[PDB]
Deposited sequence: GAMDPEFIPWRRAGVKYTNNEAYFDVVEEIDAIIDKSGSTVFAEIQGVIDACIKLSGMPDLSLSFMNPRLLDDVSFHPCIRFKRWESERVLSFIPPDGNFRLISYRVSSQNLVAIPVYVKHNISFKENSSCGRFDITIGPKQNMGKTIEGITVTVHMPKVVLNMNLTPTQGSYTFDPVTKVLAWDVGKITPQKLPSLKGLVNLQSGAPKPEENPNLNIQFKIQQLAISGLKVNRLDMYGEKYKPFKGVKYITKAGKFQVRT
């Protein structure tokens, strides 16, 4: 009577991995204040364990987890009573839980954008991106997409790194930034051509990924295995990525 797991699978090396993956949605106003932010997360598992192991995963700060959806292998009663995720896992890859992070704390905002944008047949577009509450972890995979208003015809910008395109039919500017390095912040600056004859500056939509960080602060305490007596490798990795992250200008 464990429906999600057959007996007698044998691996040559017994390993269990968990990946805590958080997506940050935020709207930041033109002064740098958070208008809105929320964090959603998943814990994904990759379980390559022989036999019938029974696992208990616990956290340092389980009060962060709100609105949790559980994989059916989880014994809900032991979460409710001890805040331990106790389960005999399916084999292979599966999503253990999904959650929303509690409102009790503000959301950490791991990047900032300095902007000087003014929109005559000629405007100025200057932005620089940098690390903010990122715990010094590398910010990579950064892209910045901007839906320019109809008045913008074309642009001549200089990226300090990466590359950009501007589509004069869809009016989208897309800057493939790459990663932030310490010595030299990425910036994109130059002039914009306007159709001579503009209320708010355009929003900046940012994608990014940050290894070795769960922006909620979620941290695993222990992973204990019962019912088998071998000593498996057990590890956890954390990553934060942008969901819908927007800076207004």
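> Would you mind checking the deposited sequence against the model and listing the stretches with no C-alpha coordinates?
Residues missing from the model, as numbered along the full deposited sequence, span 1 to 6, 126 to 128, 207 to 209.
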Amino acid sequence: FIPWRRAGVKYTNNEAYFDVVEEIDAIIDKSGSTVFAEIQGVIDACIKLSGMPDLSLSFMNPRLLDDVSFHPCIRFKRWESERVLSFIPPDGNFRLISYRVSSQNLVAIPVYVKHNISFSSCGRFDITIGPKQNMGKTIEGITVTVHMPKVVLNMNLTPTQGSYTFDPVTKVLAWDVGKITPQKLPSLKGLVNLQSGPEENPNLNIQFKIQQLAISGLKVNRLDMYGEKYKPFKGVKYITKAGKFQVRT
From here on, numbers count along this sequence of modelled residues.
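> Is the mean CA B factor in the deposited entry higher across 16 to 24 or across 224 to 232?
It is 224 to 232.
> Highest mean C-alpha temperature factor of the two stretches 42 to 50 and 182 to 190, which is it?
That would be 182 to 190.
> Take the CA temperature factors straight from the PDB entry and tell me which of 119, 164, 99, 87 peaks.
Comparing C-alpha B-factors across 119, 164, 99, 87, the top value belongs to 119.
> Please pick out which of 135, 73, 151, 174 has the largest Cα B-factor as recorded in the entry.
It is 151.
> If you rank every modelled residue in this chain by C-alpha B factor, which third holds residue 92: lowest, middle or highest?
For residue 92, the deposited C-alpha B-factor lands in the highest third.
> Would you check the entry's CA temperature factor for residue 157 and let me know if it's in the chain's lowest, middle or highest third?
According to the entry, residue 157 has a C-alpha B-factor in the chain's middle third.
> If you rank the chain by CA B-factor, which third does residue 69 end up in: lowest, middle or highest?
Middle third of the chain for residue 69's C-alpha B-factor.
> Lowest, middle or highest third of the chain for the C-alpha temperature factor of residue 197?
Highest third, going by the recorded CA B-factors of the chain.
> Using the B-factor values recorded in the entry, state whether the Cα atom of residue 205 falls in the lowest, middle or highest third among the modelled residues of its chain.
Ranked within chain, residue 205 CA B lands in the lowest tercile.
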